Amino acid sequence: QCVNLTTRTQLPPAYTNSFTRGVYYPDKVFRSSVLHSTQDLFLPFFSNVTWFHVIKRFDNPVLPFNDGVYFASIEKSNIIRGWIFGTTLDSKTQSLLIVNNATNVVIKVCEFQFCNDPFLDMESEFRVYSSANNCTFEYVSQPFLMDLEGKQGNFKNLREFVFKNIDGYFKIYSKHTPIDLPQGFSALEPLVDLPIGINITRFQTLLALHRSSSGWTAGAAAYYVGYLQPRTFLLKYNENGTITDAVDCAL
Amino acid sequence: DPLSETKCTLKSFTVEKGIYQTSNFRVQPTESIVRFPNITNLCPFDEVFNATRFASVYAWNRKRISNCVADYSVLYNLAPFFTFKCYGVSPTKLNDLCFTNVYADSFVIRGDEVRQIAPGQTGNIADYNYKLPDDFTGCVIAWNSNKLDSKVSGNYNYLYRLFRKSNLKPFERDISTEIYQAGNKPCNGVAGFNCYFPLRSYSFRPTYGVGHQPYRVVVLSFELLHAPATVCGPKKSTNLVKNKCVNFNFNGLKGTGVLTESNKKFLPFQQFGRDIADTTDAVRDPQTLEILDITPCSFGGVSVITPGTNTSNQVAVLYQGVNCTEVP
Amino acid sequence: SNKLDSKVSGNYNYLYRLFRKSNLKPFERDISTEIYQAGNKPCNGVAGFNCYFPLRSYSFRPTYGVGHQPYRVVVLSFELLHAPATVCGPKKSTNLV
Amino acid sequence: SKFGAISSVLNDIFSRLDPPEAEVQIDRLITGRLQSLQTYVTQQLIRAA
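Residues numbered from 1 in each chain as written, not as in the entry; some residues may be left out. Chains lettered and ligands numbered in written order. Part of a larger assembly, values for the part shown. Heavy atoms only, no water.

So, the overall build of chain C
Inference 1: The helix and strand tally for chain C stands at 0 helices and 4 strands.
Inference 2: Starting at the N terminus, the α and β elements of chain C follow one another as β-β-β-β.
Inference 3: Across its three principal axes, chain C shows a C-alpha extent of roughly 75 × 40 × 15 Å.
Inference 4: Looking at chain C residue by residue over its 97 residues, the buried ones come to 13%.
Inference 5: Here the contacts in chain C between residues at least 6 apart in sequence split such that 53% fall between residues at least 24 apart.
Inference 6: Taken together, the 13 basic and 5 acidic charged side chains of chain C have centroids lying 8 Å from each other. (Helix = DSSP H or I, 4+ residues; strand = E, 2+ residues; numbered from the N terminus. Buried < 20%, exposed > 50% of the residue type's maximum accessible area, 1.4 Å probe, protein only. Contact = heavy atoms within 4.5 Å. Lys, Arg positive; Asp, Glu negative; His and termini not counted. Charge placed at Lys NZ, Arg CZ, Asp CG, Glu CD.)

Right under this line is the structure:
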């Protein structure tokens, strides 16, 4: 709990290049076969995204949320179980917590005492957090079924999410497609919008533990985290009302 | 006469031989479509109003109302209520409004205490037990409890505080049993010299005078923040007309035009969408999932072909961009 | 008028209407004594179930604050260039040139 | 485009803002839309020449 495991060590800031990806539907309006111009928070094309991995090391450092988050994970068994957002990441204030039980995503904003590197066994909090109290907010997603067991073949789970807080409005853009690099271009879709209204300056991630303190072994997954900037893109809408292309006004 | 239309547009009583554009033919709207989304996911507002139990003046229990549909229409169109009075809004106007946060408490008061619950009220009750704040935007509703909250010879199961060491603020629940101390003689938790006993049991009985009788008071506290409104009240809608020129009144949309079957796909989180012109070309039904194509009502230009008024008054009307079938 | 039109126990001679079936148009007086009827229960000319008495009385008292202090309101409505003007301040006149 | 007005939709202006504020905003849109058409006629007369 309070002792760092073998997977925690100083590591170099590796990064990759995201070229096309990072475009999403800026609004809920419908448009087809038109050229639309909009300025919002987007991931610049041909940018530098910080690269992370999990397997003799585990990457879950405290990451500033200031400019937003573009999270893209390449996985089979859905290793990453959720996210942790908040300012101090302690019981002094309220923090957002996202836990995926592989049935219904549980989203709760509350006062949590967070450890340095939260883990999930079944879920066990702690290790994630020791105590919780004094909160009125709770939320749940729709019922579903997902398999957390190991899978074979290629990497069939690519989950690319955009996490942003706009005037207290926390929105989640979601996309899932089969596929150490992603390629291709597709526009993300809106999923969750919660008027939480908290200040999130930093964030972490959750891991799924498997075993036949250090007895639990980390899974095998890779991902990276980008940031958003207020840039103007031209979105290409097709006859079906989807984005097949995007052009960066200044690149 | 279309001949006179040529005179008014030209601002002359002599029209020379030629063709002149006068006005533009258009189809005016007939009916009006009013659509409102369903009231489904109604909210437990009966946990106070119809609740079997209740609380004292200072023990008042609050029920959180958020992310749900609160239907007061049955009550306001009926109103089996003792007295309903409040400031800034009429209670009958609370069922058409959407609010971010809503709170509904439950407590019973004596008949003489009806005036004690008002925004910014002061007295032996308002100040020492419960009262509405000066900025209170909600409304309070009394109800006659003589058939429920009462009891034979009185109700002694709940007590009220006569005195308090300090003035209590609005919207504050103090269950403290602390004894009031008027002088410098320590009370030692009990009444005595320079000490008063603030707690008193309710006399509520159906047979006593109007002065003291159980009256259930539910204070509805409404708060509208910058966040979207998670609690809306009920509203009635009308039917939907198609293939006819009519006015559009929707939840987030208003306009005029005709509705037709739309072949365009839409997202589950979108209601309506815009065309190249930033003008809505389609809308989704609020109650059911469907999309209809919005088209403007038929129209066309009107030109008059007439010879010189000094020659003949014969008139010929040209409808441009309109086939003879759509002229009527 | 808190010095004049108020009263220790209050002056209810002046009254006001809290209820009406719709919005009262401007420059229109409502003398209607009809009891406001919310539901289908006939009021029989008195307040009761689904029946409410619109007219009420002012709170005027000398002891309380502004809300209890009566004010005498006189609203002037001028007709300007709607007809020959026969009224205006003590303005002099001169001979034509 | 709004032509300086709070919004480019008239129904929103009239249905929300008060009459004295609505008339002002509606005038800004009408004023500009007349200028846009004014520039159009000017260009057509040039091309017509």
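Further notes follow.
Topic: the overall build of chain A
Inference 1: Tallying secondary structure elements over chain A gives 0 helices and 20 strands in all.
Inference 2: Over its C-alpha trace chain A gives a radius of gyration of 18 Å, about what one expects of a compact globule, namely 18 Å for 251 residues.
Inference 3: Each of the three principal axes of chain A carries a C-alpha extent, and together these read 55 × 45 × 35 Å.
Inference 4: Going through the 251 residues of chain A one by one, you find that 48% of them count as buried. (Rg over C-alpha atoms; globule rule 2.2 N^0.38 Å.)

Focus on the UniProt feature "disulfide bond" in chain A
Residue and element names in this part refer to chain A.
Inference 1: The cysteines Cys-2 and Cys-115 carry a UniProt disulfide annotation, yet their SG atoms are 6.1 Å apart, at or beyond the 2.5 Å mark, so the bond is absent.
Inference 2: Along the polypeptide, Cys-2 turns up in the segment before strand 1 (15–18).
Inference 3: Counting through the fold element by element, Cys-115 comes out in the loop between strand 8 (106–114) and strand 9 (129–133).
Inference 4: With its sulfur atoms placed 2.0 Å apart, the pair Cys-110 and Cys-135 listed by UniProt as a disulfide is counted as bonded here, the threshold being 2.5 Å.
Inference 5: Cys-110 gets classed as buried once you look at its relative accessible area, which sits at 3%. (Disulfide = S-S within 2.5 Å. UniProt positions renumbered as here; feature names shortened; annotations may be inferred.)

Details of the sheet that holds strand 6 (residues 98–99) of chain B
Residue and element names in this part refer to chain B.
Inference 1: Strand order in this open sheet of 3 strands is 4-14-6, and the pairing throughout is mixed. Of all strands in the sheet, those with a lone pairing partner are strand 4 (68–69) and strand 6, marking the two edges.
Inference 2: Summarising the sheet, strand 4 and strand 14 (residues 231–232) pair through 2 bridges and their orientation is parallel. Counted as the bridge partner of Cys-68 is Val-231 from strand 14. (Pairing = 2+ DSSP bridges.)

Details of unusual backbone geometry
Inference 1: In the segment running from A:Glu125 into A:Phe126, the intervening peptide bond is cis, with an omega of -5 degrees.
Inference 2: Residue position: A:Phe126 is located in the loop between strand 8 and strand 9.
Inference 3: Within the chain, B:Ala79 stands out as a residue other than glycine whose phi angle is a positive 60 degrees.
Inference 4: Mapping B:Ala79 onto the fold places it in the loop between helix 2 (73–76) and strand 5 (84–85).

Some words on the pairing of strand 3 (residues 47–54) of chain A
In the case of a regular strand, side chains alternate between the two sheet surfaces.
Residues and elements named next belong to chain A.
Inference 1: When you tally the buried positions in strand 3, you get 6 out of 8 residues, the bulk of the element.
Inference 2: As paired elements, strand 1 and strand 3 share 4 bridges and run antiparallel to each other. Each residue of the ladder has a partner; that of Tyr-15, found in strand 3, is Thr-50.
Inference 3: By the bridge criterion, 5 bridges tie strand 3 to strand 18 (residues 221–226) in an arrangement that is antiparallel. Residue pairing for strand 18: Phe-52 is matched across the bridge by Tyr-223.

Details of the sheet that holds strand 2 (residues 32–34) of chain B
Residue and element names in this part refer to chain B.
Inference 1: Spatial strand order, 2-15-16-19-18-17: 6 strands in an open sheet with mixed pairing. At either end of the open sheet lies a strand with only one pairing partner, and these are strand 2 and strand 17 (273–274).
Inference 2: Both strand 15 (residues 246–249) and strand 16 (residues 254–261) contribute to a ladder of 4 bridges, which runs antiparallel. Bridge pairing links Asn-247 to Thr-256 in strand 16.

Observations regarding the environment of A:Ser91
Residue and element names in this part refer to chain A.
Inference 1: As for its position among the elements, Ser-91 is in the loop between strand 6 (82–86) and strand 7 (95–99).
Inference 2: The class of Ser-91 is partly exposed, set by a relative accessible area of 35%.
Inference 3: Sequence separation of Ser-91 and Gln-113 is 22 residues, and the distance between their C-alpha atoms is 4.8 Å.

Some points on the interface of chain A and chain B
Inference 1: In this complex, chain A contributes 13 residues to the contact, which on the side of chain B involves 14 residues.
Inference 2: Around 1,200 Å² of area is buried between chain A and chain B when both sides are counted, 60% of it from carbon and sulfur atoms.
Inference 3: It is A:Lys28, A:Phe30 and A:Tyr169 that lose the most area in chain A upon contact with chain B, and together they represent 42% of the buried surface on that side.
Inference 4: Applying the counting rule to chain A against chain B returns 0 salt bridges.
Inference 5: Along the contact surface separating chain A from chain B lie 5 residue pairs in polar contact.
Inference 6: Considered class by class, the residues forming the side of chain A that touches chain B number 8 nonpolar, 2 polar and 3 charged. (Buried area = accessible area lost by both parts, 1.4 Å probe. Salt bridge = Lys/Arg side-chain N within 4 Å of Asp/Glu carboxyl O. Polar contact = N/O pair within 3.5 Å; in protein donor to acceptor, adjacent residues only side chain to side chain. Nonpolar A, V, L, I, M, F, W, Y, C, P; charged D, E, K, R; others polar.)

A short note on the UniProt feature "disulfide bond" in chain C
Inference 1: Below 2.5 Å lies the sulfur separation expected of a disulfide, and the 2.0 Å found between C:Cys43 and C:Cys51, a pair UniProt records as linked, sits within that range.
Inference 2: For C:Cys51, a relative accessible area of 2% corresponds to the buried category.

A word on the arrangement of the chains
Inference 1: The pair of protein chains exhibiting the most contacts, out of 3 pairs of chains in contact, is chains A and B.
Inference 2: The least C-alpha distance between chain A and chain D, which are not in contact, is 13 Å.

Looking at the state of the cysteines
Inference 1: This model, assessed by the stated rule, comprises 7 disulfides over all chains.
Inference 2: Here B:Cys43 connects covalently by a disulfide to B:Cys68, the sulfurs 2.0 Å from one another. Handedness here is read from the sign of the S-S torsion; for B:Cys43 and B:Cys68, about -60 degrees, the answer is left-handed. Of the two residues, B:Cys43 sits in the loop between strand 2 and strand 3 (61–65) while B:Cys68 sits in strand 4, which places them 25 residues apart along the sequence. We note that B:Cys43, like B:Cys68, is buried.
Inference 3: No disulfide involves A:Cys115; its sulfur sits 6.1 Å from that of A:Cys2, the nearest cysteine.

Focus on the side chain of B:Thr22
All names here are of chain B.
Inference 1: On the secondary structure map, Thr-22 appears in strand 1 (residues 18–26).
Inference 2: Among the residues examined, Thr-22 registers a relative accessible area of 15% and is labelled buried.
Inference 3: Sequence-distant contacts of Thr-22, that is, excluding residues within four places in its chain, are made with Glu-5, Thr-6, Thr-9, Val-302 and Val-304.

As for the pairing of strand 19 (residues 229–237) of chain A
Residues and elements named next belong to chain A.
Inference 1: In the sheet, strand 2 (residues 35–42) pairs with strand 19 via 8 bridges, with the strands oriented antiparallel. Across the sheet, residue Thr-38 finds its bridge partner in strand 19, namely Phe-233.
Inference 2: When strand 19 meets strand 20 (residues 243–248), the two strands line up antiparallel, connected through 5 bridges. Paired with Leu-235 across the strands is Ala-246, a residue of strand 20.
Inference 3: What sits between the antiparallel neighbours strand 19 and strand 20 is a turn of 5 residues, in which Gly-241 has the positive phi angle 85 degrees.

Regarding the environment of C:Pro62
Residues and elements named next belong to chain C.
Inference 1: On the secondary structure map, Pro-62 appears in the segment after strand 4 (55–57).
Inference 2: Exposure remark for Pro-62: the relative accessible area of 39% places this residue in the partly exposed category.
Inference 3: Spatially, the C-alpha atoms of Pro-62 and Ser-32 are 31 Å apart, while their sequence positions differ by 30 residues.
Inference 4: Those residues in contact with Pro-62, other than ones at most four positions away along the chain, are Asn-2, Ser-6, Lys-7 and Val-8.

A closer look at helix 2 (residues 19–48) of chain D
Inference 1: Counted at 1.5 Å a residue, the expected span for helix 2 of chain D with its 30 residues is 44 Å, and the 42 Å between its end C-alpha atoms agrees.
Inference 2: Where helix 2 of chain D is buried, its residues touch helix 1 (10–16) of chain D. (Expected span 1.5 Å × (residues − 1).)

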